Amino acid sequence: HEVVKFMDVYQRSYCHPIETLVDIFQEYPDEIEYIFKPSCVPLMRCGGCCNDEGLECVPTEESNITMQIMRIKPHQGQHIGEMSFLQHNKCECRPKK
Amino acid sequence: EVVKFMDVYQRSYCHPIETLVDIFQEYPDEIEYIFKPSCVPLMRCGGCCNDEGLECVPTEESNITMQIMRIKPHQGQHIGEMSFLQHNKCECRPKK
Amino acid sequence: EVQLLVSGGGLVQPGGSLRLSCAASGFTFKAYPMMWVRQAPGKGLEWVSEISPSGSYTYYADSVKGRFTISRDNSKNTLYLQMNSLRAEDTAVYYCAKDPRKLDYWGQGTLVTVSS
Amino acid sequence: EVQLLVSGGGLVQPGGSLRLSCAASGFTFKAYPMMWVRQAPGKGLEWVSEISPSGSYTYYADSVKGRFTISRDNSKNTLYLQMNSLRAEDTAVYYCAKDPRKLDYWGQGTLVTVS
């Protein structure tokens, strides 16, 4: 069978932390010289939609995480260094103000 | 506990991942109505490829049905079955 | 900080009546919409009703509509569900929550049974 | 219909030398970057090297760079890894892959041991 139930759709869709693959150029815009491998990374972020027009999915709690990443300077060597990324811990719908 | 380079490269590579998508993205000609929930959980091609010249694209597709509530403002509502497109498999291909 | 405490359940006759009350605190009750859900023994979850933040828009399930009445007192920070003309099918545990994901707070659940 | 087939590994004493050879098929080899990974017994998977599709760019791990040397022949659809001055820490099973998460293919790994 291939039909999802309304309550199961609602629960899974509602504003919550979810695994999201985000590019590094977005998180670190001031790195035009450097190329990063891999370019994207898996982070817990606040995806989903809210009940009402007046509410928006936002992070109540946050936490950082470290990852082993490579940075490549064009024709000037590279280095498997380390980088920290922001990942949202708990999300909740809040007024837009 | 730091994430190790191989586990980054692996888990960040182009593969089907659960992605939440607005219904108004997929059904633009629905100005009159509001759908709840407005977003739905679908498997789509998330991730990034090795090279600049490669793009993560869907190789294999399939449809999935879900119970969605359509609301017509001040004129009631109804739970109905809506189909959606999701990706079963992805792969990096030349950008052309 | 959140708390949702429910009361007013128990046993009842067929074609009877009950009124549930969900005491809210720890968040801006007035800003959010609220909802009731229920779980029958040996079955999954089922959505019953929603009410908008102002209380101007009410929503009901295909089963309960006409019999059930949802309402709220934004000043007293409470959600009400007036259940009427109850049948054998309505026997379930009733949960009140702003977030449909997070359930099972000490207060949320209350067992409603329709007698024979 | 992908097949990554490796050969070259075995046993050699410290300060030795080896040349591994991966033989790819089932896709447009010229358009993809390739890579080498290894797994020591009891240890996790580890990235070793990469090479661009053109073959003009090379990437190496910090634990090996200066010693190993990657290279590819796009006319023959083969990847190479010139491993020199080997140490006990390099003892692992060496896999050639176009894409990680795909270490299932047959003959994809080869055992390299240091005495």
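Start at 1 and count along the chain as shown; that gives each residue its number.
Looking at the header, which is where the method is noted, we find X-ray crystallography, 3.5 Å.
Cβ atoms here come from the backbone N, Cα and C positions, even for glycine.
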| request: Quick one: which of B:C14, B:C39 does Swiss-Prot link to B:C56 by a disulfide? | output: B:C14
| query | Which one is it, B:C49, B:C90, that Swiss-Prot ties to B:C92 with a disulfide? | reply | B:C49
| message | Going by the disulfide annotation in Swiss-Prot, which one of B:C45, B:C48 is bonded to B:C90? | response | B:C45
| field | Listed in sequence order, residues with CB under 8 A of B:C14 (disulfide bond) and six or more positions away | value | B:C45, B:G46, B:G47, B:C48, B:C49, B:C56, B:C90, B:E91, B:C92
| request: Give the residue from the disulfide-bonded residues B:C45, B:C49 that has the most other Cβ atoms within 10 Å of its Cβ, counting over every protein chain displayed. | output: B:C49
| In the structure shown, which of the disulfide-bonded residues B:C56, B:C90, B:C92 has the fewest other Cβ atoms within 10 Å? | B:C56
| request: Please report the DSSP secondary structure of B:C92 (disulfide bond), reduced to three states. | output: strand
| field | Secondary-structure category, per DSSP, in which B:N63 (N-linked glycosylation site) falls | value | strand
| Which number gives the other C-beta atoms within 10 angstroms of the C-beta of B:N63 (N-linked glycosylation site), all protein chains shown included? | 9
